[PDB]
Structures are given as C-alpha cells and as structure tokens.
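Below: one structure, written as structure tokens.
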Ligand code: HEC
Ligand code: HEC
C-alpha cells in the first residue's frame, strides 16, 4: 500500500492530462480519481514496462502518450501515486439514453447467445469494481476511453490482462455498436 500524501507530490507531470485530482474532462484520458489502488498500481507497473523506450514488444501496456514517463519512478513511488489517485473523489458523466438503454442491457445481461458474460459480476451493478480482486472501477469513466479499451482488448492491442485472460475473451464478442452502447451507459453509472 502507498502513502497518498507522498503520491500527491509525485504527479506534477500527470496533471495537464489527468487533472490534478485525477478528474480531467479530456475524453480520451482516463479519470484516475477514486480508482482502486491495486488496479492503479498494476497499470502503472504495466505501463512503465511497456512504454519505456526500447521496451520488448508485447510486454506490459504500451501507452504512447506516456512514453518514458514512469521510468524515473520506483516501485514505492508508483504505490504512492496509486494511493493518491485512489483517495480522490470520482465523478459521473452523461449517459445518452439513445445509447445507454442498450448499453445497460449488455452490461447487466451479457450476450449469452455468444457465451459472453454480463459485466456486473466483476465490475459491480453500479460499476464500482472490486479492488481487492483488482477489477477496476468503470462507473463514470469517459466513454471514449472505455470504448478504446474494449476495442483494444478485442483487437489484441491491450494484452496486460494475461494474469487472468478475462477481458480479451469478453471483448472478443463485442461489436462496435455494443462498445459504443456500453461505454455510454458506463459514463453515467454509479
Ligand atoms: C497526457 C499526455 C498524459 C500524461 C501527462 C499522463 N498520462 Fe496517463 N494516460 C494517458 C492516456 C492517453 C492514457 C490512456 C491510454 C489508452 O489506453 O487509451 C493514460 C492511461 C493512464 C493510466 C491507466 C488508467 C486505467 O484506467 O487503466 C494510468 C494509471 C495513468 N495514465 C497514470 C498516469 C500518471 C501517474 C501520470 C503522471 C506520472 C500520467 N498518467 C501522465 C495520458 C497521459
Ligand atoms: C470478470 C470475469 C470480468 C468480467 C465478466 C468483465 N470484466 Fe472487465 N475487467 C476485468 C479485469 C480483471 C480487468 C482488468 C485487466 C487489467 O488490465 O488488469 C478488467 C478491465 C476492464 C476495463 C479496463 C478499465 C480501465 O480503466 O482501463 C474495461 C473498460 C472493462 N473491463 C469493461 C468490461 C465490460 C464492459 C464488461 C462486460 C461486457 C466486462 N469488462 C466484463 C474483469 C471482468
């Protein structure tokens, strides 16, 4: 576990994009505020490994917008940063019913015809996740971000679910329309 107060001092470069408290309105930059600490730590570690210049291909999580950024930070610094954002208050955004009605049916019901589970079992009915398990909070996340993650899991661009193999398999059954719908619903969910 990290020291949130210490992490508050280690995130100046992050602020422009993620916001000082981890809530920015920038739709492609994920909100970090109130995310589970274990999840954030894993992602920081994975992003650090996959985004360093010369990283071996397919390792970790390669975030182009964060190349080299986490390189000077030690493990404990990443924990402190995770603790800092997890301690912040998340926000909720807009769920357009034209999309979010179908998004809700998918989120709660899955696509059992295609063997795809509902999302609620791991990410909770209100999208708060399960951080003791490391299942991320989704509720309130920017739709464009969420949509990109589901697309990346489906297309094999995001592969840092290897410890569980879960999201690659889930996202494989989602259409572009399904992803748009889910992401809209999730943006307003709490
Ligand atoms: C804008 C140039 C950024 C700066 C500065 C930092 N981050 Fe970032 N972060 C950025 C993007 C575009 C993304 C998403 C990439 C993609 O998949 O589409 C990210 C992602 C993260 C995450 C993952 C969050 C999740 O929900 O899985 C984390 C934990 C993260 N960023 C942390 C982080 C920190 C601690 C930074 C300062 C050291 C930082 N980011 C800067 C864009 C930008
Ligand atoms: C448990 C069996 C799960 C089910 C069913 C679904 N998800 Fe999931 N999801 C799970 C884990 C273990 C992870 C973490 C992978 C990692 O990198 O450690 C996730 C992650 C996501 C994300 C990424 C969130 C982020 O902040 O980047 C998204 C957007 C997500 N999951 C969406 C999602 C949806 C919409 C699902 C139903 C169709 C769903 N997941 C099911 C575990 C599980």
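Note that chain A carries Swiss-Prot numbering, so the residues on display, from first to last, are 21-210.
Just so it is clear, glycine is given a Cβ too, placed from its N, Cα and C backbone atoms.
Taken verbatim from Swiss-Prot:
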BINDING   34, 37, 38, 86  heme c 1 binding site
BINDING   139, 142, 143, 187  heme c 2 binding site
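A distance of 28 Å separates the Cα atom of residue 142 (heme c 2 binding site) from that of residue 37 (heme c 1 binding site). According to DSSP, residue 139 (heme c 2 binding site) sits in a coil region rather than a helix or strand.
Each residue contributes its Cα atom, and for residue 139 (heme c 2 binding site) and residue 34 (heme c 1 binding site) these two points are 30 Å apart.
Within 10 Å of the C-beta of residue 143 (heme c 2 binding site) there are 20 other C-beta atoms, taking all protein chains into account. Residue 37 (heme c 1 binding site) falls within a helix when secondary structure is assigned with DSSP.
DSSP gives residue 86 (heme c 1 binding site) a helix state.
Each of 33, 35, 36, 49, 85, 89 belongs to the same chain as 34, 37, 38, 86, is absent from that list, and has a C-beta within 8 angstroms of the C-beta centroid marking the heme c 1 site.
Distance noted between the C-alpha atoms of residue 37 (heme c 1 binding site) and residue 143 (heme c 2 binding site) is 25 Å.
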